[PDB]
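A quick write-up on the structure given underneath.
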Amino acid sequence: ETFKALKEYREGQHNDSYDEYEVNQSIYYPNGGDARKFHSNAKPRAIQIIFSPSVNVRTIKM
Amino acid sequence: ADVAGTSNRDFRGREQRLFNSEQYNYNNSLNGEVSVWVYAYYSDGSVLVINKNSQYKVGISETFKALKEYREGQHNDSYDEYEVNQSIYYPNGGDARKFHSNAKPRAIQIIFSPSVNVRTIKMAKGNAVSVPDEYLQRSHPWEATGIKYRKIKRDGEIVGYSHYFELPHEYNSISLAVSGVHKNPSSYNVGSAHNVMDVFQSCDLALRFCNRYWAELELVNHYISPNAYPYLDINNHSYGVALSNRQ
Amino acid sequence: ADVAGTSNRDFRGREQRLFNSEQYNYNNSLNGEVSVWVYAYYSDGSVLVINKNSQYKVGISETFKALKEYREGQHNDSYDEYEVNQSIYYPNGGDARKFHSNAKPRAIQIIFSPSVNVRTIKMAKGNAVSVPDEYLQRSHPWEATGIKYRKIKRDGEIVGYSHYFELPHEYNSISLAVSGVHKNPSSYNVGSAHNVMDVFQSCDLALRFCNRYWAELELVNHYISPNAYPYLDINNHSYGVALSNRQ
Amino acid sequence: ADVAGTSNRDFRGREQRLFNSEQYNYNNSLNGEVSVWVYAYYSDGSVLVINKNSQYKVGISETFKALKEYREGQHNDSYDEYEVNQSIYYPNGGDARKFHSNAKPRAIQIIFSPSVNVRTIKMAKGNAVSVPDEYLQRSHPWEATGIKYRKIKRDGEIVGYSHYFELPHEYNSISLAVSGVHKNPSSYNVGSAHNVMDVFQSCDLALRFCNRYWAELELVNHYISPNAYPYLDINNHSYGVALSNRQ
Ligand SMILES: Nc1nc2c(ncn2[C@@H]2O[C@H](COP(=O)(O)OP(=O)(O)OP(=O)(O)O)[C@@H](O)[C@H]2O)c(=O)[nH]1
Ligand SMILES: Nc1nc2c(ncn2[C@@H]2O[C@H](COP(=O)(O)OP(=O)(O)OP(=O)(O)O)[C@@H](O)[C@H]2O)c(=O)[nH]1
Ligand SMILES: Nc1nc2c(ncn2[C@@H]2O[C@H](COP(=O)(O)OP(=O)(O)OP(=O)(O)O)[C@@H](O)[C@H]2O)c(=O)[nH]1
Ligand SMILES: Nc1ncnc2c1ncn2[C@@H]1O[C@H](COP(=O)(O)OP(=O)(O)OP(=O)(O)O)[C@@H](O)[C@H]1O
Ligand SMILES: Nc1ncnc2c1ncn2[C@@H]1O[C@H](COP(=O)(O)OP(=O)(O)OP(=O)(O)O)[C@@H](O)[C@H]1O
Ligand SMILES: Nc1ncnc2c1ncn2[C@@H]1O[C@H](COP(=O)(O)OP(=O)(O)OP(=O)(O)O)[C@@H](O)[C@H]1O
Ligand SMILES: Nc1ccn([C@@H]2O[C@H](COP(=O)(O)OP(=O)(O)OP(=O)(O)O)[C@@H](O)[C@H]2O)c(=O)n1
Ligand SMILES: Nc1ccn([C@@H]2O[C@H](COP(=O)(O)OP(=O)(O)OP(=O)(O)O)[C@@H](O)[C@H]2O)c(=O)n1
Ligand SMILES: Nc1ccn([C@@H]2O[C@H](COP(=O)(O)OP(=O)(O)OP(=O)(O)O)[C@@H](O)[C@H]2O)c(=O)n1
Ligand SMILES: Nc1ccn([C@@H]2O[C@H](COP(=O)(O)OP(=O)(O)OP(=O)(O)O)[C@@H](O)[C@H]2O)c(=O)n1
Ligand SMILES: [Cl-]
Ligand SMILES: [Cl-]
Ligand SMILES: [Cl-]
Ligand SMILES: [Mg+2]
Ligand SMILES: [Mg+2]
Ligand SMILES: [Mg+2]
Ligand SMILES: [Mg+2]
């Protein structure tokens with residue numbers, strides 16, 4: 001997934017879509033955007049990766 | 001004339017030092033202001049500041065709702081946020097479409113000006129329905145929290161006092177009021193009969209300010225620093241201007 | 001050990017009774033809260049509650065406009081409601097598209113906590129432009145209405161005091177303020193010079209709460225009952241919790 | 001110590017040169033990335049970039065619709081643009097209110113990193129319904145276009161490879177996929193049985209990036225240059241960073 005694809009998207013609700021384009025520009029290059037917020041609450045705060053028991057753990061790559 | 005910075009006849013230097021010393025001491029006289037600031041920090045990095053400036057005594061009191069982030073001229077999920085409030089006032093009392101409102105404060109910083117007497121500070125940190133301690137019947141209406149205030153210092157001078165507390169847990173849903181009295185080392189009680197109606201007028205004359213700044217950088221640059229206010233940032237850096245006996 | 005509920009050594013029972021008695025008496029000490037609630041009832045069955053909790057004395061003051069129903073996050077006919085207000089402030093002064101605004105309160109209930117002294121209660125029930133009695137020049141700024149307050153009782157104990165008045169007529173357009181002082185059977189005046197600056201701080205520390213609940217059932221279930229507040233419903237049923245000398 | 005820039009003991013200089021040489025050669029080892037970029041140029045001067053970075057082999061495949069300009073958070077004539085698409089998929093098949101959609105790309109630039117083997121590059125430039133050459137039955141699924149790629153050079157070093165083609169005609173309505181394999185001058189086949197499951201994992205681990213920049217200046221300043229990517233602008237100016245045996 002891309003940086004953008006992992007950001008929170010609320011289906012059928014407002015998502016500050018224009019400001020969030022500007023947020024993305026500021027994250028891709030420092031000072032590259034014109035957003036109206038310091039930190040987007042759509043950015044993930046954490047990630048958990050889980051595999052089923054049929055994986056071989058030594059093959060996992062990230 | 002004597003040469004600058006070489007003798008006791010540098011009257012420009014003596015006047016500069018008195019000008020600053022007079023500002024510092026005027027603020028601490030009974031004719032001066034006492035000020036308080038409440039900073040509510042939001043997860044989007046914005047900060048609501050509420051300031052009250054008044055003679056003799058000063059304070060701020062806000063509801064749970066009033067401390068929540070409000071973005072002027074932008075969408076604020078206003079209907080869902082009513083439902084969030086209902087769920088915070090009573091568990092399972094609302095029908096919101098979110099587990100945690102990002103409008104709830106993540107932290108609070110209370111700052112007083114150097115003219116407060118720290119031993120007079122009182123705080124009522126209530127629950128979301130504005131009760132100080134679980135039930136009204138057993139609630140003392142405030143807690144004297146002065147002992148927890150840190151001195152904000154610049155060049156060795158106290159420029160203000162800070163109490164900071166984070167609200168990182170889901171159950172940290174508060175109402176808040178805070179109060180402090182202007183220093184008064186004299187035995188002239190400002191609230192005794194001679195002057196009590198002036199203290200009543202001070203309740204009317206207190207000036208309030210409130211605004212949401214987008215970042216702590218913006219708060220430092222355009223709110224704290226231009227007005228010579230004291231502040232303590234997330235990196236524990238102290239801001240303010242030392243005035244006593246200084247040029 | 002002795003068997004429960006059979007002797008004078010049931011310390012768990014003695015401690016339960018003291019725990020409740022202490023809450024009741026703490027509320028009535030000068031260290032306790034005094035609380036007031038204003039309930040504004042609307043024709044859609046919703047109820048606005050405004051609560052203020054403070055030491056020493058407490059009150060609420062609202063304009064005609066502020067008491068009108070406001071549905072958060074829903075349409076409120078905001079332009080027509082400005083025109084309604086103009087027509088209420090002066091007859092034929094507005095251009096509204098309705099004869100009677102359903103946002104006007106149909107009734108008001110004022111409740112005080114049991115720590116108030118009923119003889120101190122004062123109410124300023126003004127007209128729509130915030131004048132207590134027709135013209136300012138002849139207005140006394142309040143009326144002492146304590147005699148009209150009914151005791152709200154539970155298990156024989158006074159849990160609160162209620163004054164209720166309906167506003168069913170087209171001309172019942174009011175502004176409203178109410179005030180009460182905490183009981184003080186002592187001869188220590190809380191506002192004498194020794195303690196007057198603490199009363200000034202109490203003005204700053206008072207906590208306010210306001211919310212619109214959709215029904216009296218919802219108010220009873222999620223506002224009154226969870227917080228052990230006193231209430232009187234439309235069927236004259238008293239709500240609250242008796243604490244003095246009770247388990 | 002010896003003086004800088006005067007002898008064979010300038011270890012800081014030798015380490016700087018090795019640091020750059022190691023980056024250049026690591027990229028070209030089988031442990032390194034192979035990257036491709038597709039730039040779609042629009043008449044409003046904006047540019048969509050799609051990048052894919054992966055080990056062993058890499059590619060991008062997009063539909064006619066996916067290459068059309070999409071302005072995030074702005075109006076995009078979305079209903080008329082569905083009708084435009086219907087008219088492009090079959091002549092006279094739609095009901096659009098425009099002759100030429102300004103969302104169609106005016107040009108395409110394909111760039112590969114210097115770790116690609118140019119002889120492995122393949123492109124499927126299909127029609128608007130995703131058929132490579134008029135009809136499926138007679139379509140070879142790609143064309144090996146390596147011979148047309150220009151070297152992008154900086155300080156005499158190849159920093160990347162470019163194929164550029166304009167789409168200035170009304171009939172230039174395409175779908176597009178492109179693919180290249182990482183250089184492998186060895187006789188260890190990365191897709192032979194020993195390592196083929198690592199190539200399958202590389203299909204999963206490939207990282208994609210896509211964004212629309214407002215101008216070629218902005219692309220150069222904030223996309224190409226900060227990331228040390230190769231690029232060729234409309235004035236035939238080459239961008240990139242030479243690393244082999246350089247300080
Ligand atoms: N711990 C706790 N406090 C609660 C709860 N519900 C309400 N509170 C209030 O939360 C306040 C304490 O909050 P915190 O100091 O942030 O929580 P903590 O458990 O002490 O944890 P840390 O301070 O983060 O180490 C109390 O004064 C209570 O009034 C609950 O579920 N747990
Ligand atoms: N009766 C009356 N009161 C008015 C009028 N305009 C304003 N008022 C105010 O209305 C208040 C009395 O209202 P109500 O008690 O609800 O009316 P009421 O005539 O006594 O009738 P009921 O109480 O329903 O039996 C007074 O205190 C006035 O300030 C008017 O046209 N008629
Ligand atoms: N010339 C032409 N090509 C068509 C037409 N319809 C579809 N095509 C496609 O267009 C491609 C060629 O496009 P271009 O190279 O841009 O056109 P060109 O006629 O060669 O003209 P220039 O390159 O501008 O000199 C072919 O590969 C076809 O698949 C049509 O009407 N005319
Ligand atoms: N209540 C006060 N108001 C104003 N200035 C004060 C007050 N108390 C002390 N000061 C002065 O402020 C300066 C700093 O003194 P302070 O006691 O805060 O520093 P410290 O002893 O180094 O640190 P700390 O006491 O915080 O551990 C001194 O000039 C002191 O005289
Ligand atoms: N001001 C007060 N505050 C608290 N408790 C009170 C007060 N006045 C009386 N009580 C107590 O409250 C209880 C009820 O007394 P109260 O006089 O209200 O009842 P009553 O005489 O049956 O009814 P009422 O007087 O309303 O006709 C008794 O325990 C009484 O001692
Ligand atoms: N496949 C390749 N990968 C990396 N470097 C290469 C490759 N082929 C040649 N080089 C090197 O790149 C540099 C430029 O050589 P190149 O043949 O591109 O230049 P040229 O002969 O001046 O121009 P051109 O061949 O494009 O007409 C030399 O150092 C050459 O050894
Ligand atoms: N940095 C920003 C953010 C917003 N806006 C303007 O504010 C409008 C509303 O903001 P937007 O980010 O699109 O939010 P919403 O409309 O509330 O939500 P959504 O678009 O996801 O439905 C936009 O159309 C845009 O014109 C802007 O000028 N600059
Ligand atoms: N718990 C919720 C939240 C929202 N909605 C519906 O979704 C609509 C849009 O949501 P709202 O919370 O009001 O957000 P915005 O309109 O996006 O923002 P704002 O109202 O602050 O301008 C509301 O009118 C309401 O009908 C709902 O039914 N239940
Ligand atoms: N007496 C009135 C009432 C309404 N209107 C017009 O009707 C529009 C809609 O009415 P409004 O009272 O504002 O109601 P809503 O938009 O439905 O609700 P709200 O504004 O509270 O969201 C207004 O903008 C105004 O132009 C008017 O001309 N005269
Ligand atoms: N060929 C077309 C183009 C537009 N419309 C009508 O015009 C409206 C507005 O056009 P649209 O193409 O959707 O553009 P915008 O709303 O301006 O932009 P977007 O939808 O991307 O936000 C559409 O809802 C549709 O009803 C139509 O009937 N036939
Ligand atoms: Cl003084
Ligand atoms: Cl007491
Ligand atoms: Cl290798
Ligand atoms: Mg939008
Ligand atoms: Mg809304
Ligand atoms: Mg309106
Ligand atoms: Mg549309």
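The basis for the numbers below is simple: all heavy atoms, side chains too, and nothing from hydrogens, waters or symmetry mates. The chains referred to below are lettered A, B, ... by the order of the sequence lines, with proteins before strands, and numbering in each begins at 1.
- Across B:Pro132, B:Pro91, B:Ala66, the residue that shares the most heavy-atom pairs under 4.5 angstrom with chain C is B:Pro132.
- Chain B forms more heavy-atom pairs under 4.5 Å with one residue of C:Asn211, C:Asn28, C:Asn227 than with any other, namely C:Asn211.
- Contact count against chain C (heavy-atom pairs under 4.5 Å) is highest for B:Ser139 among B:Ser192, B:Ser139, B:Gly93.
- Applying side chain to side chain contact (heavy atoms under 4.5 Å, CB included) to C:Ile110 and the options C:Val36, C:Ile121, C:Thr145 leaves one that passes, C:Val36.
- Using cut-offs of 30° and 60° on the angle between ring planes, the pair B:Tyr149 and B:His163 is tilted.
- Contact tally against chain C (heavy-atom pairs below 4.5 Å) for B:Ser179, B:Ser78, B:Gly191, B:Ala177: the top residue is B:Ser179.
- For B:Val178, the part lying under 4.5 angstrom from a heavy atom of chain C is the backbone only.
- Annotation: maximal heavy-atom pairing with chain C below 4.5 Å, among B:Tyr82, B:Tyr135, B:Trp142, occurs at B:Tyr82.
- The aromatic rings of B:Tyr171 and B:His169 sit parallel to each other, their planes meeting at less than 30°, with 60° as the upper class boundary.
- Looking only at heavy-atom pairs under 4.5 Å with chain B, the residue among C:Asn221, C:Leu207, C:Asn27, C:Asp198 that has the most is C:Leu207.
- Only the backbone of B:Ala128 comes within less than 4.5 Å of a heavy atom in chain C; its side chain stays farther off.
- Top candidate by heavy-atom pairs under 4.5 Å with chain B, chosen from C:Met197, C:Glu22, C:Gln201, is C:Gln201.
- The residues C:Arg71 and C:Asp44 are annotated as not salt-bridged, no charged nitrogen and carboxylate oxygen being separated by less than 4.0 angstrom.
- Distance alone, capped at 3.5 Å, is enough to place a donor-acceptor pair between the C:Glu157 side chain and the C:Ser244 backbone.
- Of the N and O atoms on the side chains of B:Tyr79 and B:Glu83, at least one donor lies less than 3.5 Å from an acceptor on the other residue.
- Within the 4.5 angstrom heavy-atom criterion, atoms from both the backbone and the side chain of B:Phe200 approach chain C.
- Taking chain C as the reference chain and counting heavy-atom pairs below 4.5 Å, the highest number among B:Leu136, B:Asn189, B:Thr63 is found for B:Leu136.
- Side chain to side chain, C:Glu216 and C:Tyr231 meet the donor-acceptor criterion of an N or O pair below 3.5 Å.
- Using modelled atom types and a 3.5 Å distance limit, the side chains of C:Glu33 and C:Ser113 yield no donor-acceptor pair.
- For B:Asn184 (side chain) and B:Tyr188 (main-chain N/O), a donor-acceptor pair under 3.5 Å exists by modelled atom type.
- Using a 4.5 Å cut-off between non-hydrogen atoms, the part of residues 50-60 of chain C that approaches chain B consists of C:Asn51, C:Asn53, C:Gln55.
- The nearest pair of heavy atoms linking B:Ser175 to B:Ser130 is OG-CA, 3.4 Å.
- For B:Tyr239 and B:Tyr229, the gap between ring centers reaches or exceeds 6.0 Å.
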